[PDB]
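Shown here is one chain on its own, the form deposited in one PDB entry, set out as structure tokens.
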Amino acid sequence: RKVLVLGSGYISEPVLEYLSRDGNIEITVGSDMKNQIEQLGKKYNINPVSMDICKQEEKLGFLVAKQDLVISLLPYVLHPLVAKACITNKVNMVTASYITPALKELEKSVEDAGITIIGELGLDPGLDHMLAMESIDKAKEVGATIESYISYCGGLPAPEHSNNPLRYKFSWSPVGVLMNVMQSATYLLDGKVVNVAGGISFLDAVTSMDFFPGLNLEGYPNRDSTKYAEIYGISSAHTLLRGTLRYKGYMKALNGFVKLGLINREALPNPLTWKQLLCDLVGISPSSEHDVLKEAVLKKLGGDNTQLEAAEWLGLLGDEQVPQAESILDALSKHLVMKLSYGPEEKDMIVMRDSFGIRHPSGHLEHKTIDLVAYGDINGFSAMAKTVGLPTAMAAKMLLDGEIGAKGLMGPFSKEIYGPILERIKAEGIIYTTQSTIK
């Protein structure tokens, strides 16, 4: 009956709420942000401890030894420091993030220490693995084989709050997100490695997603889908597709910013204004009421009015001061948060769509679809916080109660982990359904 929560940010709040229901656990919290931990201590009964991870490793060793379990809700670079204390002190661990190559090297040491370290929990990586392996294990139980695996997931605002040029709202500064439009995408299609070029030509790969008629979505492949053959164990499959869901016109609006030359890490040029900045990008002197409009509309896709109106709406042509930043990308990101932030009583939404093609030994081809949908609570937590938070907290509770016997470094791929979690998420307001057809 003792747990340490390293981190005091977005994901930490729903984790503390879930554990505090039963009322038989001494919850300690460790973080850098002094303003966050004091406000969090008012709501939930916890033991606040100011502690740096890298600089103050000494007190971490003494503190972690007292506890039973360690819930790491920190950035994924710092997990080897947290895991190093666990293997020496002989205590369990849980993570809501990627198992990195650095953490993979400790796997030999973790099994020798005789402790459990679960990783890759939450939304993605997390619930995407659990839904996939549930369906893949069910197929292999009846002698079937996986021929195709198409999957899509997206964290969005609720439809009612989608009335803006991007049809989106940012929780934090999208510095890492916007630069990923320039990256390529790779996936498998009918036994052929398809490669999609990024940047300006990436709008060609954005297709309509009409699986929910009422919801007006679009979709596109991301990063790398061939990776999931070895992980899930479906090398026989002829198709492997992983993608992201957005509302229609999102990618076309971002494509406008790529055309103007805003998506780059070059430095900036009386305070600077947005009217003056776009004049430098297009290549004119800063003096233009409606002359910069004619210059911008010419550059934007050869007279794209929708992209011009989007820049007009955000105030990129008008007279507004540019925030202090290291680059043009950081200036755009800071402005997008200021203009398109979440309100006090505005919901968010998670949608996840899987589609399996399962060949049975009888000869028939089963088409199995899986939907997972969750809305954010008005007087509660957001859908993103719940889907990322609750699987980590549930997995932690299983270790304390003694419902997981396996040892070593591991994901949520085994039925011992994912089975209980998928059953319990129904009560937390995260509903998922199944539909099957044969042909």
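For every residue, the number given is its place in the sequence shown, counted from 1. We call the rigid core whatever largest set of C-alpha positions still superposes within 1.5 Å between the two forms.
Heads up, the form deposited in another entry isn't pictured, but that's what we're talking about next.
Engineer: Please name the one residue from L217, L278, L123, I146 with a C-alpha displacement of 2 Å or more between the shown form and the other one, using the rigid core for the superposition.
Structural biologist: Flagged residue: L278.
Engineer: Any chance the CA of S362 moves 2 angstroms or more between the shown form and the other one, core superposed?
Structural biologist: The answer is no; the displacement is under 2 Å.
Engineer: Is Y98 one of the residues whose Cα moves 2 Å or more between the shown form and the other one, with the core superposed?
Structural biologist: No, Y98 moves less than 2 Å.
Engineer: Using a rigid core alignment, state whether the CA of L81 is displaced by 2 Å or more between the shown form and the other one.
Structural biologist: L81 C-alpha, core-superposed: shift of less than 2 Å.
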